[PDB]
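Here the structure comes first, spelled out in structure tokens, and everything after it is commentary.
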Amino acid sequence: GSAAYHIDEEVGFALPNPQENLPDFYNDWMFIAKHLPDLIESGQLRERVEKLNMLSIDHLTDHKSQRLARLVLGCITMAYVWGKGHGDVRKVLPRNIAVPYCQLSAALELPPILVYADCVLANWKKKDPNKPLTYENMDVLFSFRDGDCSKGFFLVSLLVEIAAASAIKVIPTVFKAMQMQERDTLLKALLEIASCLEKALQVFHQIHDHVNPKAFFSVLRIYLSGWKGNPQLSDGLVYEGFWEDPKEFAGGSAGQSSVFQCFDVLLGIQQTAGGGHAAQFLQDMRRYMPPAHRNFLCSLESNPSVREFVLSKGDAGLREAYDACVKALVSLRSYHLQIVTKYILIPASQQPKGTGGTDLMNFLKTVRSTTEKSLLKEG
Ligand code: HEM
């Protein structure tokens with residue numbers, strides 16, 4: 001929960017109180033991003049992007065301004081590449097978006113595609129500043145199409161992140177209690193983490209109230225899709241004026257959250273490097289996370305193993321508190337598998353991920369079972 005790693009005590013990995021407006025200099029960008037439903041529907045989005053002048057990034061003078069600009073340019077990019085979302089794609093992102101988008105992304109150490117830390121961690125607003133972080137008091141900054149359920153998908157992801165924050169802020173307490181040899185403190189800390197994680201599973205149920213499977217699978221998913229192993233942009237995307245040859249970048253999204261990995265590493269659940277395929281996907285998604293949060297995960301992996309400390313103590317109270325965290329992480333990913341069945345697998349069966357969810361489910365079920373196989377029980 002330390003603020004050397006851009007981790008907020010209240011909202012966790014989410015960007016605390018994100019910026020809503022840019023300097024007047026960028027009005028031309030702001031207008032397009034704010035009006036994607038109209039501009040896409042009316043078929044004028046591509047023209048508006050192609051007729052932008054090149055705006056410098058030097059007038060973006062702080063981190064929150066850069067994050068808003070990244071979110072703005074990534075939303076335009078995604079809208080430009082996929083158009084109305086029915087196969088009329090563009091394989092060259094015009095110079096006057098691509099160069100500033102790519103400079104800004106190098107400064108922020110993120111890939112120049114829309115990622116979770118844009119469309120979720122930075123894409124939100126309090127309606128009334130003085131009321132709490134509840135769904136009915138929040139809004140997103142940007143959507144793609146009327147009916148795309150972006151508000152429901154993004155905010156319910158956000159609210160799960162905010163829930164996780166109360167378990168994340170406990171993490172220093174764990175390592176300190178280990179280092180100071182405080183058995184009761186360590187046990188309290190572990191139960192508190194599990195309780196908060198169980199809370200976050202409850203918050204996850206809201207997704208059904210605010211996202212409709214046909215909308216997500218058939219609309220929002222299109223705009224979160226990228227160009228890594230995508231037959232529609234077989235060779236990646238040309239960032240005109242910045243790199244000569246195209247580059248592939250994964251249209252991740254939901255799966256770029258650091259929350260599950262945060263607790264995987266805490267609980268020494270060797271999963272990041274413990275195998276072949278699934279461990280490779282999990283490592284690749286780290287490049288799509290903010291750098292400060294990439295560093296957090298590493299500095300957690302370098303610490304004394306909590307799972308070893310608990311194993312070494314001959315202490316059933318400790319082992320049971322540790323297992324409550326592992327169970328809440330299993331529960332969360334189990335529920336997540338159901339969510340993916342409702343919102344990806346079933347709609348693909350009707351008409352299409354593309355009936356290629358067998359590999360999807362297998363990747364999710366592997367990670368779940370490896371989490372479950374970390375339960376300690378009597379040993
Ligand atoms: C609401 C909060 C959500 C969180 C916190 C979350 C988090 C994650 C995480 C951590 C992974 C990596 C796998 C793992 O560690 O077990 C993942 C993968 C994935 N998630 Fe989610 N997810 C959420 C919602 C959703 C929803 C609603 C969908 C789809 C409708 C979804 C679709 C996927 C898919 C398809 C993958 C596989 C990786 C990929 O193809 O990019 N997630 N998610």
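Here, A, B, ... name the chains of the structure tokens in the order displayed, residue numbers run from 1 inside each chain, and ligands are numbered from 1 in the same displayed order.
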Strand (DSSP E) positions in region 127-348 of chain A, given as a list in words: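 Written out, the strand (DSSP E) residues of region 127-348 of chain A are residues 138, 139, 238 and 239 of chain A.
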Requested write-out: N, CA and C atoms of the selected residues, as a CSV table (one decimal), in the first residue's frame:
```csv
chain,number,residue,atom,x,y,z
A,138,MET,N,-20.7,7.4,-9.5
A,138,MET,CA,-19.6,7.5,-10.4
A,138,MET,C,-20.0,7.5,-11.9
A,139,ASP,N,-19.1,7.9,-12.7
A,139,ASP,CA,-19.2,7.9,-14.2
A,139,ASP,C,-17.9,7.7,-14.8
A,238,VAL,N,0.7,0.0,-38.2
A,238,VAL,CA,1.7,1.0,-38.6
A,238,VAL,C,1.5,2.3,-37.8
A,239,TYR,N,2.4,2.7,-37.0
A,239,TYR,CA,2.4,4.0,-36.3
A,239,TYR,C,3.1,5.0,-37.1
```
Closest atom pairs, region 213-274 of chain A residues within 12 Å of region 309-330 of chain A, only C-alpha atoms, as CSV:
```
residue,atom,partner,partner_atom,distance
A:259,CA,A:329,CA,9.8
A:260,CA,A:329,CA,7.1
A:261,CA,A:329,CA,9.9
A:262,CA,A:329,CA,10.5
A:263,CA,A:329,CA,7.7
A:264,CA,A:329,CA,8.1
A:265,CA,A:326,CA,11.2
A:266,CA,A:325,CA,9.9
A:267,CA,A:326,CA,7.4
A:268,CA,A:326,CA,10.2
A:269,CA,A:326,CA,8.8
```
Residues within 9 Å of region 28-30 of chain A, only C-alpha atoms, excluding chain neighbours under 4 positions, as a ChimeraX atom specification: /A:21-22,24,34-35,49,52-53,55,69,72-73,76
Can you check which residues of region 168-222 of chain A DSSP gives as helix (DSSP H, G or I) on the backbone and send them as a PDB file with C-alpha atoms, in the first residue's frame?
```pdb
ATOM      1  CA  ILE A 168      -3.487  -4.151  -0.626  1.00  0.00           C
ATOM      2  CA  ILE A 171       0.578  -5.824   2.624  1.00  0.00           C
ATOM      3  CA  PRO A 172       3.361  -3.847   4.409  1.00  0.00           C
ATOM      4  CA  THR A 173       1.965  -5.032   7.778  1.00  0.00           C
ATOM      5  CA  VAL A 174       2.616  -8.618   6.624  1.00  0.00           C
ATOM      6  CA  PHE A 175       6.284  -8.157   5.733  1.00  0.00           C
ATOM      7  CA  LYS A 176       6.920  -5.997   8.798  1.00  0.00           C
ATOM      8  CA  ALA A 177       5.284  -8.523  11.136  1.00  0.00           C
ATOM      9  CA  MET A 178       7.383 -11.254   9.551  1.00  0.00           C
ATOM     10  CA  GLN A 179      10.565  -9.249   9.966  1.00  0.00           C
ATOM     11  CA  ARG A 183       3.013 -13.915  15.049  1.00  0.00           C
ATOM     12  CA  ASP A 184      -0.320 -12.443  16.187  1.00  0.00           C
ATOM     13  CA  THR A 185       0.097  -9.335  13.981  1.00  0.00           C
ATOM     14  CA  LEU A 186       0.906 -11.477  10.955  1.00  0.00           C
ATOM     15  CA  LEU A 187      -2.188 -13.607  11.568  1.00  0.00           C
ATOM     16  CA  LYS A 188      -4.513 -10.614  12.006  1.00  0.00           C
ATOM     17  CA  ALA A 189      -3.054  -9.124   8.793  1.00  0.00           C
ATOM     18  CA  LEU A 190      -3.681 -12.300   6.799  1.00  0.00           C
ATOM     19  CA  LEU A 191      -7.284 -12.661   7.964  1.00  0.00           C
ATOM     20  CA  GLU A 192      -7.911  -8.981   7.181  1.00  0.00           C
ATOM     21  CA  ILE A 193      -6.585  -9.485   3.634  1.00  0.00           C
ATOM     22  CA  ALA A 194      -8.846 -12.510   3.090  1.00  0.00           C
ATOM     23  CA  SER A 195     -11.878 -10.699   4.485  1.00  0.00           C
ATOM     24  CA  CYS A 196     -11.282  -7.753   2.128  1.00  0.00           C
ATOM     25  CA  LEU A 197     -10.770 -10.128  -0.796  1.00  0.00           C
ATOM     26  CA  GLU A 198     -14.076 -11.849   0.018  1.00  0.00           C
ATOM     27  CA  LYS A 199     -15.659  -8.384   0.024  1.00  0.00           C
ATOM     28  CA  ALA A 200     -14.191  -7.798  -3.451  1.00  0.00           C
ATOM     29  CA  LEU A 201     -15.872 -11.012  -4.655  1.00  0.00           C
ATOM     30  CA  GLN A 202     -19.202  -9.587  -3.523  1.00  0.00           C
ATOM     31  CA  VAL A 203     -18.588  -6.335  -5.425  1.00  0.00           C
ATOM     32  CA  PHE A 204     -17.847  -8.435  -8.542  1.00  0.00           C
ATOM     33  CA  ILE A 207     -21.296  -6.812 -13.319  1.00  0.00           C
ATOM     34  CA  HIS A 208     -24.603  -8.627 -14.044  1.00  0.00           C
ATOM     35  CA  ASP A 209     -26.628  -5.555 -13.151  1.00  0.00           C
ATOM     36  CA  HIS A 210     -24.723  -3.295 -15.563  1.00  0.00           C
ATOM     37  CA  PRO A 213     -23.548 -10.167 -22.646  1.00  0.00           C
ATOM     38  CA  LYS A 214     -24.592  -9.362 -26.198  1.00  0.00           C
ATOM     39  CA  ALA A 215     -23.430  -5.757 -25.847  1.00  0.00           C
ATOM     40  CA  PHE A 216     -20.051  -6.686 -24.369  1.00  0.00           C
ATOM     41  CA  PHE A 217     -19.247  -9.585 -26.677  1.00  0.00           C
ATOM     42  CA  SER A 218     -20.571  -7.924 -29.793  1.00  0.00           C
ATOM     43  CA  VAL A 219     -19.622  -4.242 -29.258  1.00  0.00           C
ATOM     44  CA  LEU A 220     -17.279  -3.319 -26.393  1.00  0.00           C
ATOM     45  CA  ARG A 221     -15.020  -6.326 -27.024  1.00  0.00           C
ATOM     46  CA  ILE A 222     -14.372  -5.096 -30.571  1.00  0.00           C
TER      47      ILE A 222
END
```
Restrict the calculation to only C-alpha atoms and all ligand atoms, then for each residue of chain A with any atom at most 6 Å from an atom of ligand 1 give the closest atom pair and their distance in Å to one decimal, rows by chain and rising residue number, as CSV.
```
residue,atom,partner,partner_atom_place_in_ligand_line,distance
A:156,CA,ligand 1,1 (C),5.7
A:157,CA,ligand 1,1 (C),4.0
A:160,CA,ligand 1,2 (C),5.9
A:204,CA,ligand 1,1 (C),5.9
A:252,CA,ligand 1,41 (O),4.8
A:254,CA,ligand 1,21 (Fe),4.2
A:255,CA,ligand 1,17 (C),3.2
A:257,CA,ligand 1,10 (C),5.0
A:260,CA,ligand 1,10 (C),4.7
A:333,CA,ligand 1,16 (O),5.6
A:339,CA,ligand 1,27 (C),6.0
A:340,CA,ligand 1,29 (C),4.8
A:343,CA,ligand 1,30 (C),4.4
A:344,CA,ligand 1,30 (C),5.5
A:364,CA,ligand 1,16 (O),5.7
A:367,CA,ligand 1,16 (O),5.5
```
So that I have them on file, write out the residues from the current selection with N, CA and C atoms, as a PDB file, in the first residue's frame.
```
ATOM      1  N   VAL A 156     -17.560  -1.234 -12.893  1.00  0.00           N
ATOM      2  CA  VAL A 156     -17.586  -2.424 -12.035  1.00  0.00           C
ATOM      3  C   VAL A 156     -16.183  -3.014 -11.893  1.00  0.00           C
ATOM      4  N   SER A 157     -15.335  -2.874 -12.922  1.00  0.00           N
ATOM      5  CA  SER A 157     -13.922  -3.226 -12.781  1.00  0.00           C
ATOM      6  C   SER A 157     -13.242  -2.308 -11.778  1.00  0.00           C
ATOM      7  N   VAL A 160     -14.143  -3.132  -8.212  1.00  0.00           N
ATOM      8  CA  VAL A 160     -13.405  -4.286  -7.722  1.00  0.00           C
ATOM      9  C   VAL A 160     -11.988  -3.881  -7.340  1.00  0.00           C
ATOM     10  N   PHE A 204     -17.887  -7.859  -7.199  1.00  0.00           N
ATOM     11  CA  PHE A 204     -17.847  -8.435  -8.542  1.00  0.00           C
ATOM     12  C   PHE A 204     -19.229  -8.838  -9.058  1.00  0.00           C
ATOM     13  N   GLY A 252      -5.313  -6.206 -24.770  1.00  0.00           N
ATOM     14  CA  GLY A 252      -5.772  -6.663 -23.487  1.00  0.00           C
ATOM     15  C   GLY A 252      -6.749  -5.648 -22.946  1.00  0.00           C
ATOM     16  N   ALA A 254      -9.515  -6.431 -19.642  1.00  0.00           N
ATOM     17  CA  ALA A 254      -9.890  -6.965 -18.348  1.00  0.00           C
ATOM     18  C   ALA A 254      -8.701  -7.643 -17.674  1.00  0.00           C
ATOM     19  N   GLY A 255      -7.948  -8.443 -18.441  1.00  0.00           N
ATOM     20  CA  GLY A 255      -6.858  -9.247 -17.938  1.00  0.00           C
ATOM     21  C   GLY A 255      -5.583  -8.525 -17.610  1.00  0.00           C
ATOM     22  N   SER A 257      -5.268  -6.431 -15.072  1.00  0.00           N
ATOM     23  CA  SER A 257      -5.286  -6.002 -13.678  1.00  0.00           C
ATOM     24  C   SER A 257      -4.133  -6.621 -12.908  1.00  0.00           C
ATOM     25  N   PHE A 260      -4.981  -9.837  -9.040  1.00  0.00           N
ATOM     26  CA  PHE A 260      -4.759 -11.261  -8.825  1.00  0.00           C
ATOM     27  C   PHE A 260      -3.269 -11.564  -8.731  1.00  0.00           C
ATOM     28  N   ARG A 333     -11.287 -16.134  -8.932  1.00  0.00           N
ATOM     29  CA  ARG A 333     -11.045 -16.616 -10.290  1.00  0.00           C
ATOM     30  C   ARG A 333     -12.115 -17.609 -10.750  1.00  0.00           C
ATOM     31  N   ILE A 339     -18.109 -15.646 -15.225  1.00  0.00           N
ATOM     32  CA  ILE A 339     -18.318 -14.393 -15.936  1.00  0.00           C
ATOM     33  C   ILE A 339     -17.906 -14.537 -17.398  1.00  0.00           C
ATOM     34  N   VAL A 340     -16.712 -15.098 -17.648  1.00  0.00           N
ATOM     35  CA  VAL A 340     -16.234 -15.283 -19.019  1.00  0.00           C
ATOM     36  C   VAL A 340     -17.146 -16.232 -19.798  1.00  0.00           C
ATOM     37  N   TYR A 343     -20.240 -13.944 -20.716  1.00  0.00           N
ATOM     38  CA  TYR A 343     -19.985 -12.765 -21.559  1.00  0.00           C
ATOM     39  C   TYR A 343     -19.084 -13.019 -22.767  1.00  0.00           C
ATOM     40  N   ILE A 344     -18.369 -14.141 -22.829  1.00  0.00           N
ATOM     41  CA  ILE A 344     -17.586 -14.427 -24.034  1.00  0.00           C
ATOM     42  C   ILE A 344     -17.994 -15.763 -24.642  1.00  0.00           C
ATOM     43  N   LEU A 364      -7.552 -20.137 -18.090  1.00  0.00           N
ATOM     44  CA  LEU A 364      -8.135 -19.694 -16.822  1.00  0.00           C
ATOM     45  C   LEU A 364      -8.183 -20.831 -15.812  1.00  0.00           C
ATOM     46  N   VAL A 367      -4.681 -21.531 -14.173  1.00  0.00           N
ATOM     47  CA  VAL A 367      -4.306 -20.547 -13.160  1.00  0.00           C
ATOM     48  C   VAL A 367      -5.116 -20.765 -11.883  1.00  0.00           C
TER      49      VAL A 367
END
```
Spatial neighbours of residue 345 (chain A), max dist 8 Å, only C-alpha atoms, sep filter under 4 positions, as a PyMOL selection string: chain A and resi 340-341+349+353+355+357
Could you pull the residues within 7 Å of region 92-106 of chain A, counting only C-alpha atoms, minus those fewer than 3 positions along the same chain, as a compact mmCIF listing (two decimals) with N, CA, C and O atoms, in the first residue's frame?
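Saved file selection_30.txt follows:
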```
# COMPACT_ATOMS: atom_id res chain seq x y z
N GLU A 50 -8.07 12.03 -39.49
CA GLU A 50 -7.16 12.30 -40.59
C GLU A 50 -6.94 13.79 -40.82
O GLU A 50 -5.92 14.16 -41.42
N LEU A 52 -6.69 16.12 -38.31
CA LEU A 52 -6.08 16.80 -37.16
C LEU A 52 -4.72 17.35 -37.53
O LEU A 52 -3.97 16.74 -38.29
N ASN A 53 -4.37 18.51 -36.98
CA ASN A 53 -2.96 18.85 -36.98
C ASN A 53 -2.24 18.08 -35.88
O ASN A 53 -2.86 17.51 -34.97
N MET A 54 -0.91 18.07 -35.96
CA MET A 54 -0.08 17.46 -34.94
C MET A 54 0.06 18.42 -33.77
O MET A 54 0.58 19.53 -33.92
N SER A 56 1.71 19.13 -30.07
CA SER A 56 2.80 18.75 -29.20
C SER A 56 2.30 18.23 -27.85
O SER A 56 1.22 18.58 -27.38
N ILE A 57 3.11 17.40 -27.21
CA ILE A 57 2.81 16.90 -25.88
C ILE A 57 3.47 17.73 -24.79
O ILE A 57 3.36 17.36 -23.61
N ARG A 70 -3.12 9.93 -22.57
CA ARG A 70 -2.99 8.54 -23.00
C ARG A 70 -4.36 7.91 -23.22
O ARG A 70 -4.60 7.22 -24.22
N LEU A 73 -5.98 9.56 -26.40
CA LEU A 73 -5.39 9.12 -27.67
C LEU A 73 -5.61 7.62 -27.92
O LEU A 73 -5.78 7.20 -29.07
N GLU A 109 5.98 4.78 -20.27
CA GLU A 109 6.47 3.39 -20.25
C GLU A 109 5.32 2.39 -20.38
O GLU A 109 5.30 1.36 -19.71
N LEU A 110 4.36 2.70 -21.24
CA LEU A 110 3.26 1.82 -21.59
C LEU A 110 3.23 1.64 -23.10
O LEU A 110 3.73 2.50 -23.83
N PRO A 111 2.69 0.55 -23.60
CA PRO A 111 2.64 0.35 -25.05
C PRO A 111 1.57 1.22 -25.67
O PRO A 111 0.53 1.48 -25.04
N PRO A 112 1.76 1.66 -26.91
CA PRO A 112 0.82 2.61 -27.52
C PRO A 112 -0.45 1.93 -28.03
O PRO A 112 -0.78 1.99 -29.22
N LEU A 237 0.19 -2.90 -36.42
CA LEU A 237 -0.32 -1.61 -36.84
C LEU A 237 0.84 -0.68 -37.14
O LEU A 237 1.82 -0.63 -36.38
N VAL A 238 0.74 0.05 -38.24
CA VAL A 238 1.75 1.05 -38.57
C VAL A 238 1.46 2.31 -37.77
O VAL A 238 0.36 2.87 -37.84
N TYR A 239 2.44 2.74 -36.98
CA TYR A 239 2.39 4.01 -36.28
C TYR A 239 3.13 5.04 -37.15
O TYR A 239 4.31 5.32 -36.95
N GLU A 240 2.41 5.62 -38.10
CA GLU A 240 3.02 6.44 -39.14
C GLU A 240 3.87 7.56 -38.56
O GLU A 240 3.42 8.34 -37.72
N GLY A 241 5.11 7.65 -39.03
CA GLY A 241 6.03 8.67 -38.58
C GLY A 241 6.81 8.32 -37.33
O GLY A 241 7.54 9.18 -36.81
N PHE A 242 6.69 7.10 -36.82
CA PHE A 242 7.37 6.82 -35.57
C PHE A 242 8.16 5.53 -35.71
O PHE A 242 9.35 5.50 -35.39
```
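Distances here use only C-alpha atoms; by that measure, the residue among A:129, A:363, A:38, A:152 closest to residue 280 (chain A) is A:363.
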Residue with smallest distance to residue 247 (chain A) - pool A:46, A:64, A:287, A:91, counting only C-alpha atoms: A:91
Shell around region 288-298 of chain A at 6 Å using only C-alpha atoms, local window under 2 positions removed, as a CSV table (one decimal) with C-alpha atoms, in the first residue's frame:
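result29.csv written:
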```csv
chain,number,residue,atom,x,y,z
A,5,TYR,CA,4.7,2.5,-6.2
A,6,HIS,CA,1.7,4.7,-7.2
A,285,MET,CA,0.4,-8.9,-19.4
A,286,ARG,CA,2.9,-7.1,-17.0
A,300,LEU,CA,7.1,-8.2,-3.7
A,301,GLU,CA,8.7,-11.2,-5.5
```
Spatial neighbours of residue 11 (chain A), max dist 12 Å, only C-alpha atoms, sep filter under 4 positions, as a ChimeraX atom specification: /A:1,3,6-7,15-18,120-122,124,132-133,157-169,259
Give me a file of those residues, with N, CA and C atoms, as an mmCIF file, in the first residue's frame.
```
data_model
loop_
_atom_site.group_PDB
_atom_site.id
_atom_site.type_symbol
_atom_site.label_atom_id
_atom_site.label_comp_id
_atom_site.auth_asym_id
_atom_site.auth_seq_id
_atom_site.Cartn_x
_atom_site.Cartn_y
_atom_site.Cartn_z
ATOM 1 N N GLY A 1 0.777 -1.233 0.000
ATOM 2 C CA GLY A 1 0.000 0.000 0.000
ATOM 3 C C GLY A 1 0.813 1.292 0.000
ATOM 4 N N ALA A 3 3.017 4.548 -1.361
ATOM 5 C CA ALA A 3 2.931 5.566 -2.411
ATOM 6 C C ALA A 3 4.271 5.842 -3.104
ATOM 7 N N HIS A 6 2.939 4.205 -6.663
ATOM 8 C CA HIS A 6 1.661 4.669 -7.199
ATOM 9 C C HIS A 6 0.521 3.746 -6.778
ATOM 10 N N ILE A 7 0.529 3.343 -5.514
ATOM 11 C CA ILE A 7 -0.556 2.553 -4.953
ATOM 12 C C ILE A 7 -1.262 3.392 -3.899
ATOM 13 N N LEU A 15 -5.965 5.056 -10.544
ATOM 14 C CA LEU A 15 -5.457 6.414 -10.421
ATOM 15 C C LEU A 15 -6.380 7.229 -9.516
ATOM 16 N N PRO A 16 -5.901 7.726 -8.379
ATOM 17 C CA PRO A 16 -6.776 8.515 -7.498
ATOM 18 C C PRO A 16 -7.187 9.819 -8.168
ATOM 19 N N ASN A 17 -8.470 10.191 -7.997
ATOM 20 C CA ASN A 17 -9.155 11.353 -8.582
ATOM 21 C C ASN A 17 -8.568 11.778 -9.928
ATOM 22 N N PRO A 18 -8.863 11.056 -11.008
ATOM 23 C CA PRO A 18 -8.229 11.351 -12.295
ATOM 24 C C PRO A 18 -8.696 12.670 -12.880
ATOM 25 N N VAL A 120 -9.886 1.901 -17.539
ATOM 26 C CA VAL A 120 -10.484 1.642 -16.229
ATOM 27 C C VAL A 120 -9.850 2.480 -15.118
ATOM 28 N N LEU A 121 -8.539 2.324 -14.884
ATOM 29 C CA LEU A 121 -7.953 2.961 -13.701
ATOM 30 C C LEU A 121 -7.945 4.493 -13.775
ATOM 31 N N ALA A 122 -7.947 5.081 -14.979
ATOM 32 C CA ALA A 122 -7.937 6.532 -15.156
ATOM 33 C C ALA A 122 -9.238 7.087 -15.729
ATOM 34 N N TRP A 124 -12.525 7.702 -14.995
ATOM 35 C CA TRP A 124 -13.652 7.756 -14.076
ATOM 36 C C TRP A 124 -13.720 9.085 -13.338
ATOM 37 N N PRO A 132 -19.734 8.883 -1.499
ATOM 38 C CA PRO A 132 -18.692 7.847 -1.533
ATOM 39 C C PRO A 132 -18.458 7.265 -2.926
ATOM 40 N N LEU A 133 -17.425 6.423 -3.010
ATOM 41 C CA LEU A 133 -17.108 5.688 -4.238
ATOM 42 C C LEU A 133 -18.076 4.513 -4.422
ATOM 43 N N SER A 157 -15.335 -2.874 -12.922
ATOM 44 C CA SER A 157 -13.922 -3.226 -12.781
ATOM 45 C C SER A 157 -13.242 -2.308 -11.778
ATOM 46 N N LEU A 158 -13.432 -1.007 -11.950
ATOM 47 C CA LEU A 158 -12.920 -0.026 -11.005
ATOM 48 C C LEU A 158 -13.307 -0.371 -9.569
ATOM 49 N N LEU A 159 -14.593 -0.667 -9.340
ATOM 50 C CA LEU A 159 -15.067 -0.889 -7.974
ATOM 51 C C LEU A 159 -14.472 -2.154 -7.377
ATOM 52 N N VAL A 160 -14.143 -3.132 -8.212
ATOM 53 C CA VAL A 160 -13.405 -4.286 -7.722
ATOM 54 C C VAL A 160 -11.988 -3.881 -7.340
ATOM 55 N N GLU A 161 -11.356 -3.033 -8.154
ATOM 56 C CA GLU A 161 -10.046 -2.502 -7.797
ATOM 57 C C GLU A 161 -10.098 -1.753 -6.477
ATOM 58 N N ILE A 162 -11.058 -0.836 -6.331
ATOM 59 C CA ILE A 162 -11.154 -0.083 -5.087
ATOM 60 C C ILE A 162 -11.347 -1.025 -3.901
ATOM 61 N N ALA A 163 -12.181 -2.057 -4.070
ATOM 62 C CA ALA A 163 -12.329 -3.079 -3.034
ATOM 63 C C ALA A 163 -10.984 -3.707 -2.691
ATOM 64 N N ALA A 164 -10.239 -4.131 -3.707
ATOM 65 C CA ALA A 164 -8.941 -4.737 -3.463
ATOM 66 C C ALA A 164 -8.026 -3.832 -2.645
ATOM 67 N N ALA A 165 -8.159 -2.512 -2.797
ATOM 68 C CA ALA A 165 -7.246 -1.586 -2.131
ATOM 69 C C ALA A 165 -7.168 -1.838 -0.629
ATOM 70 N N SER A 166 -8.286 -2.223 -0.003
ATOM 71 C CA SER A 166 -8.251 -2.380 1.448
ATOM 72 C C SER A 166 -7.476 -3.626 1.851
ATOM 73 N N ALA A 167 -7.409 -4.639 0.977
ATOM 74 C CA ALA A 167 -6.462 -5.729 1.204
ATOM 75 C C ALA A 167 -5.032 -5.348 0.839
ATOM 76 N N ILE A 168 -4.838 -4.484 -0.170
ATOM 77 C CA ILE A 168 -3.487 -4.151 -0.626
ATOM 78 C C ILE A 168 -2.760 -3.308 0.417
ATOM 79 N N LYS A 169 -3.482 -2.409 1.091
ATOM 80 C CA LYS A 169 -2.840 -1.540 2.067
ATOM 81 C C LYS A 169 -2.326 -2.306 3.270
ATOM 82 N N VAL A 259 -4.313 -7.083 -9.693
ATOM 83 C CA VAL A 259 -4.842 -7.487 -8.387
ATOM 84 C C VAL A 259 -4.573 -8.963 -8.123
#
```
